[PDB]
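1. This one is an experimental structure. Sequence first:
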Amino acid sequence: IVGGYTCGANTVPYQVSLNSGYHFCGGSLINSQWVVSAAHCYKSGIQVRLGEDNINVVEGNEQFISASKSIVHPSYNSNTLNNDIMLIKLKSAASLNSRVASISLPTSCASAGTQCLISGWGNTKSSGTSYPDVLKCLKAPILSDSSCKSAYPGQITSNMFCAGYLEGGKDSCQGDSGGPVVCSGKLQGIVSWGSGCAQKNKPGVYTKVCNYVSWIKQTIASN
Ligand SMILES: COc1ccc(C(=N)N)cc1
Ligand SMILES: [Ca+2]
């Protein structure tokens, strides 16, 4: 997260860290046994870390639970990042409390102008590299499809939306991948891609979760 703020410990209780020996992606807890992330975060040997603030220090609210199964969206295209969404089933259900809690799936797609909360442990610099140990937050609006398409000609599908600031300075970044965009207490987006980080006229692009709710619900019901 570039140009964000320190969320505060366990203020974003649905945020997960995907760990393969190190943090490599975020995710969202959507019920006690399932995490939603980006398909570009796929790998084998994932440990889901819930209840994190400082990902380098055991602070006492963590749950570390191995993945039993990963399901990449059947139509994920790694070239275009269309359908950049993946489900991860936990080996055992998380213990839900005020600091580890699921986020609701949307019943409706959020409109342009809606203010959302983006969070993650990704890079905090637009030039060079500085990875924070504590969770960062950014409030950002959803941009119009026309501003999103104008920023990324020929690259925005109906399964993507832009959020952030055309002026730059404030964006998600590498390491925020797979993390949540929460609007009005519902998961509306997944950190997917962008051209650099926090660049002028190059907002963040997010998987449009509201297009995937039937796939998510049907998948969870049968797995
Ligand atoms: C490789 O991951 C990302 C994720 C987000 C962004 C961005 N929001 N600019 C860029 C690269
Ligand atoms: Ca920790």
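-> Yes, it's here. Residues are numbered from 1 along each chain as shown. Ligands and ions are numbered 1, 2, ... in the order given.
2. What's the separation between the residue positioned nearest the centre of the chain and residue 211?
-> Note on the chain: the residue nearest the mean C-alpha position is residue 179, at 1.6 Å, using CA atoms, centre = their mean. Using CB to CB, to the nearest Å, residue 179 is found at 18 Å from residue 211. Using the backbone N, CA and C atoms, a C-beta is placed for each residue, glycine as well.
3. what's the answer for residue 118, then?
-> 19 Å.
4. Where do the helices of this structure begin and end?
-> 145-151, 213-221 (DSSP state H).
5. what about stretch 150-159, how long is it end to end?
-> 16 Å (CA to CA, to the nearest Å).
6. Stretch 31-45 now?
-> Span of stretch 31-45 from end to end, CA to CA: 21 Å.
7. distance of residue 128 from ligand 1?
-> Applying CB to the nearest ligand atom, to the nearest Å, the value for residue 128 to ligand 1 is 15 Å.
8. ignore the last one, residue 79
-> 14 Å.
9. same check, this time on residue 28
-> 15 Å.
10. mind listing what that residue touches?
-> Residue 28 sits next to 14, 15, 16, 35, 36, 37, 103, 179, 180, 187, 190 when contact means CB atoms under 8 Å, 6 or more residues apart in numbering.
11. Among those residues, which lie within strands?
-> In this view, those that belong to strands under DSSP state E are 15, 16, 35, 36, 37, 180, 187, 190.
12. Filtering those residues by proximity to ligand 1, which remain?
-> Contacts with ligand 1 are made by none of these, judged by CB under 6 Å from any ligand atom.
13. In contact with residue 70, which residues?
-> When contacts are counted by CB under 8 Å, 6+ apart, residue 70 touches 42, 44, 46, 86, 87, 88, 89.
14. Drop anything exposed from those.
-> 42, 46, 86, 87, 88, 89 (16 or more other CB atoms under 10 Å).
15. Now flag whichever of the residues you listed is closest to residue 139.
-> residue 86 (25.6 Å; CB to CB).
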